[PDB]
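1. Partial complex follows, first chain(s) only, in situ:
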Amino acid sequence: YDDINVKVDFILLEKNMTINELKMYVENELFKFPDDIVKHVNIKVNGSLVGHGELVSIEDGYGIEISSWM
């Protein structure tokens, strides 16, 4: 079983919004969100939520720090 493969998703943000709302964002070429989402990244394995995450600035690039795990 630990021989098989799964997909690990580092999800910056999930947000619910109408097809209408979504479409406004596509018109404005920008989704606009009030801060924070860099601190609260979620790490799901095909729906099952494993841990939390934080996007950090390191080595002249980016990385993730595992704030929570399960």
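-> Nice, thanks for sending it over. Numbering: from 1, shown residues only, chains lettered A, B, ... in the order given.
2. Quick one: neighbours of residue A:47, just the number.
-> A count of neighbours around residue A:47, defined by other Cβ atoms under 10 Å, yields 6. Every C-beta, even on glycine, is put in place using the N, C-alpha and C of the backbone.
3. Then residue A:53?
-> 21.
4. do residue A:52 as well
-> Neighbour tally, residue A:52, other Cβ under 10 Å: 17.
5. tell me which element it falls in.
-> Using DSSP states H and E, residue A:52 sits within strand A:48-58.
6. what residues does that strand touch?
-> A:8, A:10, A:12, A:38-44, A:62-70 (Cβ atoms under 8 Å, 6 or more residues apart in numbering).
7. What's the PyMOL line that selects buried ones from these?
-> A single PyMOL command selects the buried members of those (16 or more other Cβ atoms under 10 Å):
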select buried, chain A and resi 41+42+43
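8. Only C-alpha atoms, please: export the strand holding residue A:52 in PDB.
-> Output in PDB follows, covering the C-alpha atoms of strand A:48-58 (Å, rounded to 0.1, in the frame of the first residue of the first chain):
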ATOM      1  CA  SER A  48      -8.200  14.500   3.000                       C
ATOM      2  CA  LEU A  49      -6.600  17.300   4.900                       C
ATOM      3  CA  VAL A  50      -3.100  16.500   6.300                       C
ATOM      4  CA  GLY A  51      -1.500  19.600   7.700                       C
ATOM      5  CA  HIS A  52      -1.300  23.300   7.600                       C
ATOM      6  CA  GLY A  53       1.300  25.400   5.800                       C
ATOM      7  CA  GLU A  54       3.100  28.700   5.600                       C
ATOM      8  CA  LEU A  55       4.800  30.100   2.500                       C
ATOM      9  CA  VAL A  56       8.100  31.600   3.400                       C
ATOM     10  CA  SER A  57      10.900  33.500   1.700                       C
ATOM     11  CA  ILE A  58      14.100  31.500   1.600                       C
END
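9. sequence below should go in as chain B:
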Amino acid sequence: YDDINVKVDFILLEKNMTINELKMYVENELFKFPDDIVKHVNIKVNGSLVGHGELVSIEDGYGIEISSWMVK
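-> Following on from the chains above, chain B is added here:
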């Protein structure tokens, strides 16, 4: 039929790995994305790839500028 509600995901990375490999992930660990990680966010609606965006800092907030959108 546009006032219907849907689930949009802003996805930084999908890593395929064994549950064995997945064991090699621990708490307070630190991983290293590539440098194209903020410039290649995948935008998903109900699990469907509808485009790609770039994460930017803005005033008091963060936003995802859209670089490609794959549906109309």
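10. once more on the neighbour count of residue A:47, with chain B this time?
-> Residue neighbour count, defined by other Cβ atoms under 10 Å in any protein chain shown, stands at 7 for residue A:47.
11. Whether the helix or strand that comes right after the strand holding residue A:52 contacts chain B - can you check?
-> As assigned by DSSP H and E, the chain's next helix or strand after strand A:48-58 is strand A:61-68. Yes: using Cβ under 8 Å from any Cβ of the partner chain, we find that strand A:61-68 touches chain B at A:61-66, A:68.
12. one step back: now do the strand holding residue A:52 and strand B:62-69, the angle between them.
-> Strand A:48-58 and strand B:62-69 are oriented at 100 degrees to each other (axes from the mean of the first three to the mean of the last three Cα atoms, to 10 degrees).
13. Check which residues of strand A:48-58 are buried.
-> Within strand A:48-58, the residues that count as buried by 16 or more other Cβ atoms under 10 Å in any protein chain shown are A:50-53, A:55-56.
14. Walk me through which strands that strand pairs with, and which way each runs.
-> Next to strand A:48-58 in the sheet, as set by DSSP bridges, lie strand A:41-45 (antiparallel), strand A:61-68 (antiparallel).
15. Centre of the chain to that strand, how far?
-> How far strand A:48-58 lies from its chain's middle: 8 Å, per Cα atoms, centre = their mean, to the nearest Å.
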